[PDB]
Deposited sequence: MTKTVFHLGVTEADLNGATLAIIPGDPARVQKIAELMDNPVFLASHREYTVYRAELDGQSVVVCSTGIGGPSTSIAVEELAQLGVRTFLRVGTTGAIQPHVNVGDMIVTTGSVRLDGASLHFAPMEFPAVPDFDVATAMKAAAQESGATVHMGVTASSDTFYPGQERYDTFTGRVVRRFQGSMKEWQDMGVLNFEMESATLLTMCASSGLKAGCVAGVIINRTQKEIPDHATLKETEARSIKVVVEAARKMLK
């Protein structure tokens, strides 16, 4: 009736079966403001929840927090309340030189460098989006006029060593991750983020539709920031909202 972490009920969702799930609680409201009749529902820990409407239909907006453990909680509890479709929006670091700060990336498969995904399916199972959601997300991202890239995302449990950052307190990166970036680069992996491997594996093995779209906020091959930036977020959230439109009507 009423879930452990989210602090909402089935009634609060008003028949919603699609969710937009940004990482940052501070983005939930932003996204809801782009839809119709946004209403605040609840906020507990990293879970801020809104209801809104698109084309006359209920949509839920719920933040995940950073990483797959907290993402998994959110997805499962919305699912218990009737949600069947999940559209993730986020920020990403690009690892290809042809990929630009400001570009959108739609994830066609994730490399599983996370742990939560294994709580749903064995390593050999693909971290793959629902086909309709990936489709809708590509359309939406191209409709924004930005450059869009479809493809493989490296989904890490850490922001630092698992993305091979060396500018850290120790300067160390464990063997498994030493040289990992060049390896992903040669395989044609586009980008780094931290939630998609869990999300996609969990959804694809559990009877749920999911996808991931992210705006590129940094490129790891050049490193340099241009600042501005907020527009990338602005574009990201317009695109995810658009994608939800296409899933609905």
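- Within the chain's deposited sequence, the coordinate-free stretches run 1-2, 229-230 in sequence order.
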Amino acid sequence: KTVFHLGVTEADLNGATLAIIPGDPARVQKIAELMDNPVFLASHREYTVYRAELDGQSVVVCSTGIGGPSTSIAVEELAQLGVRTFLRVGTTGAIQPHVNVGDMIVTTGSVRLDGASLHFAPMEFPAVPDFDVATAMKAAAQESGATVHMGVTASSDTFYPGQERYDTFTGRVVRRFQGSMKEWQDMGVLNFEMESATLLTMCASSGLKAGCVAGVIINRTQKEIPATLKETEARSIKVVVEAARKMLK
From here on, numbers count along this sequence of modelled residues.
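- The stretch with the higher mean CA B factor, choosing between 193-201 and 211-219, is 211-219.
- Relative to its counterpart among 231-239 and 15-23, 231-239 has the higher mean temperature factor, C-alpha atoms as listed in the PDB entry.
- Comparing the C-alpha B-factors of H149, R172, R88, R175 in the entry, the top value falls on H149.
- Looking at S144, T153, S117, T71, the one whose CA carries the top B-factor in the deposited record is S144.
- When the modelled residues of the chain are ordered by their C-alpha B factor, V39 lands in the middle third.
- Per the PDB record, residue ranking by Cα B-factor puts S206 in the lowest third of the chain.
- Annotation for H98: C-alpha temperature factor in the highest third relative to the rest of the modelled chain, per the entry.
- Among all modelled residues in this chain, the alpha-carbon of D130 has a temperature factor (C-alpha) in the middle third.
- Per the PDB record, residue ranking by Cα B-factor puts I66 in the lowest third of the chain.
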